[PDB]
Amino acid sequence: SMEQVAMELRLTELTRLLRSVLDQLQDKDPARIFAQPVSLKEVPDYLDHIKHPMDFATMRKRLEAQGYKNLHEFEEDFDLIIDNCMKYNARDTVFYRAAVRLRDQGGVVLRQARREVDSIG
């Protein structure tokens, strides 16, 4: 149907906007601490601690499959990156501190993303 196509075009355009958001957030992680999944070879107990691991590569796979239907879903995954790190790692670590800085810097980007998503529809 034409309605299905129009809905698909909306999803495609959201995907474009979320790719630009993802790029901007990942720039706020210049150490590449959140770039890839925590390795279960290197941290064998991880899944005893963290029930829903997340990382930027995994988000990018989801995004390229047009797997985010709305901004809330995308933000959920970004918050997992931050929140998982702040639980597994202590306050005094470079990992926790990287997550704080990513959260604070990313807030700015996400605040305008939400306006754009609402504005363009």
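Caption draft 1: Highlighting the packing of aromatic side chains. Under the defined criterion, the tally for this structure stands at three aromatic pairs. On the basis of an interplanar angle of 65 degrees and a centroid distance of 5.2 Å, the ring pair of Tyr46 and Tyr88 is categorised as edge-to-face. Of this pair, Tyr46 sits in helix α2 (residues 46-49) while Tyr88 sits in helix α4 (residues 71-88), placing them 42 residues apart in sequence. According to the relative accessible area criterion, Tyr46 is buried, its value standing at 6%. Note on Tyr88: relative accessible area 31%, which makes it partly exposed. Geometrically, the ring pair formed by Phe56 and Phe78 is stacked, given 6.5 Å between the ring centres and 25 degrees between the ring planes. One end of the pair, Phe56, is in helix α3 (residues 56-64); the other, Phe78, is in helix α4, with 22 residues separating them in the sequence. Residue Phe56 is classed as buried on the basis of its relative accessible area, which comes to 0%.

Caption draft 2: Region of the structure containing the environment of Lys87. Mapped onto the secondary structure, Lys87 falls in helix α4. As for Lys87 and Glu73, which are separated by 14 residues in sequence, their C-alpha atoms are 21 Å apart.

Caption draft 3: Structural view of the nonpolar core. Membership of the largest hydrophobic core comes to 24 residues, with the highest contact counts inside it found for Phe34, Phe56, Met59, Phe74 and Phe78. With seven residues, helix α5 (residues 94-120) is the largest single contributor of residues to this core. The contacts of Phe74, once residues within four sequence positions are left out, are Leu18, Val21, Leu22, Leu25, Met59, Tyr68 and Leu110.

Caption draft 4: How the structure looks around the packing of helix α1 (residues 2-27) against α5. The interhelical angle for the contact between α1 and α5, taken along N-to-C directions, is 160 degrees, at an axis separation of 10 Å. What the angle tells us is that α1 and α5 run roughly antiparallel. Considering only the axes of α1 and α5, their crossing is right-handed. Listed contacts from α5 to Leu14, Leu17, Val21, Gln24 and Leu25 of α1 are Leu102, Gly106, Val109, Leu110, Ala113, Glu116 and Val117. Looking at the contact of α1 with α5 residue by residue, the classes come out as nine nonpolar, two polar and one charged.

Rules used in this analysis
- Residues numbered from 1 in each chain as written, not as in the entry; some residues may be left out.
- Heavy atoms only, no water.
- Residues with missing side-chain atoms left out of burial classes, pairs and counts.
- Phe/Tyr/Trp six-rings, centres within 6.5 Å; stacked < 30°, edge-to-face > 60°.
- Helix = DSSP H or I, 4+ residues; strand = E, 2+ residues; numbered from the N terminus.
- Buried < 20%, exposed > 50% of the residue type's maximum accessible area, 1.4 Å probe, protein only.
- Core = buried A, V, L, I, M, F, W, Y, C linked by side-chain atoms within 4.5 Å.
- Contact = heavy atoms within 4.5 Å.
- Axes fitted to C-alpha atoms, helices over the stretch in contact; angles between N-to-C directions.
- Parallel < 35°, antiparallel > 145°, perpendicular 65-115°, else oblique.
- Left-handed = near helix turned anticlockwise from the far one by under 90°.
- Nonpolar A, V, L, I, M, F, W, Y, C, P; charged D, E, K, R; others polar.

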